[PDB]
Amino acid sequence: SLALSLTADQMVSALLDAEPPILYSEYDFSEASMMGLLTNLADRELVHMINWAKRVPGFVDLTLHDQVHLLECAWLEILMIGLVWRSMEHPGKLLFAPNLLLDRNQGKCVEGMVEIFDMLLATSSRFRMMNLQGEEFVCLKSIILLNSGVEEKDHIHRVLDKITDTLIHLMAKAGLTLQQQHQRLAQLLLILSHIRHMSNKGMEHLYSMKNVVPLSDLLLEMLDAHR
């Protein structure tokens, strides 16, 4: 209701204010220690993600069943796009946390993780070359939440169209021509296909490595959702 009535700038500002904080890791090593830091970090990020999702316009209008479904489907995608976003200004490096900056060689510590790291780094470099803006990023992340699990179905689609309008608004405001607007919009959304791909592959390893390190109860239930 209210989400459908928001203006383009109101959409942007609402998503900007809803942005979760950048958390630190416990970092002060091995494969157990590497996975331990990542999982501990991800688990704390999941808590903020849940409360962030509730602040995404139109999300609370959905049933608790659908809200659960959407987050179960998109949680790793959301974590990953957050990771590549803050890793933008650090070429060849992944900024999991301000005190946890890892290069691809440190991804060889865990079996099969270097392949995912490379895909994430390539995504980050792609964001860098496109000069992805913060206002665009928050639109992409909200799209991922609402799309990756989709009168309820039509409501989700109406909100999605609004975010599309918001993206186009940002590009028009940036001075881009009409042809440039469509092209950049297409470019951004096709990256979500790669983000989906990385999440599917990452998930495939996570419910394999799930027994290496202590996985939290919430994390396990999110993992179980993809099985």
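All residue numbers are counted from 1 along the displayed sequence. Rigid core here is just the name for the largest C-alpha set that superposes within 1.5 Å across the two forms.
RMS Cα deviation from the shown model in 7 other deposited structures of this protein, rigid core fit, is larger for 201-209 than for the other stretch of the pair 10-18 / 201-209. Choosing between 19-27 and 215-223, the greater Cα displacement from the shown form in 7 other deposited structures of this protein, fitted by the core, goes with 19-27. Per the records, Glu136 is modelled in every other compared entry, just as the shown structure includes it, so no third of them leave it out. Across the other compared structures of the same protein with both neighbouring residues present, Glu115 carries coordinates in every case, with no third of them leaving it out. Deposited sequence between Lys210 and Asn211: 1 to 3 residues lack coordinates. The entry shows a gap from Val150 to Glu151, with 10 or more unmodelled residues of the deposited sequence in between. When 177-185 is weighed against 57-65, 57-65 comes out higher, by mean CA B-factor as recorded in the entry. Checked against the record, the higher mean CA B factor of 195-203 and 38-46 lies with 38-46. In the deposited coordinates, the residue among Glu135, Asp154, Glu72, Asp118 with the greatest CA B-factor is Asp154. The residue among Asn131, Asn99, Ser142, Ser124 whose C-alpha carries the highest B-factor in the deposited model is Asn99. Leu170 sits in the middle third of its chain by CA B factor, as recorded in the PDB entry. The PDB entry assigns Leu94 a C-alpha temperature factor belonging to the middle third of its chain's modelled residues. For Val159, the recorded CA temperature factor ranks within the middle third of the chain's modelled residues.
Per the deposited record, the Cα B-factor of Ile78 falls in the lowest third when ranked against the other modelled residues of its chain. Split the chain's modelled residues into thirds by C-alpha temperature factor. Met88 is in the middle one.
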